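Residue-level listing of the chains:
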Amino acid sequence: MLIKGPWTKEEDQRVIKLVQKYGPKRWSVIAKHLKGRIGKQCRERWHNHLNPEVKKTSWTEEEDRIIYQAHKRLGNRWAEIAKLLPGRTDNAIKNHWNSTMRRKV
DNA sequence: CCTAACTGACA
DNA sequence: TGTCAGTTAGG
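Residues numbered from 1 in each chain as written, not as in the entry; some residues may be left out. Chains lettered and ligands numbered in written order. Heavy atoms only, no water.

- Regarding how it was determined, this PDB entry cites solution NMR in its header.

- Under the PDB entry, the name given to chain A is C-Myb DNA-Binding Domain, and the source organism is Mus musculus.
- In its PDB record the entry is named "SOLUTION STRUCTURE OF A SPECIFIC DNA COMPLEX OF THE MYB DNA-BINDING DOMAIN WITH COOPERATIVE RECOGNITION HELICES".

Listed below in structure tokens is the structure:
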């Protein structure tokens, strides 16, 4: 816990190297270095649009079609949508839907 | 509309 | 412990 403040530049661009070293499945070790930032927070920041692996890019016609269809079969099973969309994992497509497309198209 | 952050719930 | 699910939060 602790450091309730937003994820600083000295966390975001620091955890950035730790994932390239360990991988997005060692949040137990990641948190060991960030101390306060528990594995949960680390993953939340990461899985969204922090990932350099997931080059920052906004949704467009060619990506809107992904949630428009996936949400038509899965709906709120972002777990499957995520795996079906190599890149935008969990929060990526989820956060997008219920923010940009919460108005339902 | 786009990404960030914590909180609530689940496997 | 890691992931999923949702809203609130800042941009």
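**So, the side chain of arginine 37**
Moving on, step 1. Mapping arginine 37 onto the fold places it in the loop between α2 (27-34) and α3 (39-50).
Moving on, step 2. With a relative accessible area of 1%, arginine 37 lands in the buried category.
Moving on, step 3. At 3.1 Å, the side chain of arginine 37 forms a polar contact with the backbone oxygen of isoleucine 3.
Moving on, step 4. A polar contact is formed between the side chain of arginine 37 and the backbone oxygen of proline 6, at a distance of 3.1 Å.
Moving on, step 5. Here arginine 37 is in contact with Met1, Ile3, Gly5, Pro6, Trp7, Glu11, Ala31 and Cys42, once residues within four sequence places are set aside. (Helix = DSSP H or I, 4+ residues; strand = E, 2+ residues; numbered from the N terminus. Buried < 20%, exposed > 50% of the residue type's maximum accessible area, 1.4 Å probe, protein only. Polar contact = N/O pair within 3.5 Å; in protein donor to acceptor, adjacent residues only side chain to side chain. Contact = heavy atoms within 4.5 Å.)

**Description of the packing of aromatic side chains**
Moving on, step 1. Applying the stated criterion across every chain yields a total of 0 aromatic pairs.
Moving on, step 2. Over the ring of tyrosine 68 we find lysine 72, and its NZ or CZ is 3.8 Å from the ring centre.
Moving on, step 3. The aromatic ring of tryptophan 59 is capped on one face by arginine 88, whose charged end is 4.2 Å from the ring centroid. (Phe/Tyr/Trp six-rings, centres within 6.5 Å; stacked < 30°, edge-to-face > 60°. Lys NZ or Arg CZ within 6 Å of the ring centre and 35° of its normal.)

**Topic: the pattern of salt bridges**
Moving on, step 1. Scanning all chains against the criterion turns up 12 salt bridges.
Moving on, step 2. For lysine 9, the salt bridge is made with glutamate 10, and the minimal N-O distance between the two is 2.7 Å.
Moving on, step 3. Relative accessible area serves as the criterion here: at 54%, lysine 9 is assigned to the exposed category.
Moving on, step 4. By relative accessible area, which is 42% here, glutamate 10 ends up partly exposed.
Moving on, step 5. In this structure, the salt-bridge partner of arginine 65 is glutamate 62, at a minimum N-O distance of 2.7 Å. Of this pair, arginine 65 and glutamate 62 are both found in helix α4 (residues 61-73), 3 residues apart, which corresponds to roughly one turn of the helix.
Moving on, step 6. One network of salt bridges, with partners in common, ties together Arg43, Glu44, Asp90 and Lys94. (Salt bridge = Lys/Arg side-chain N within 4 Å of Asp/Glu carboxyl O.)

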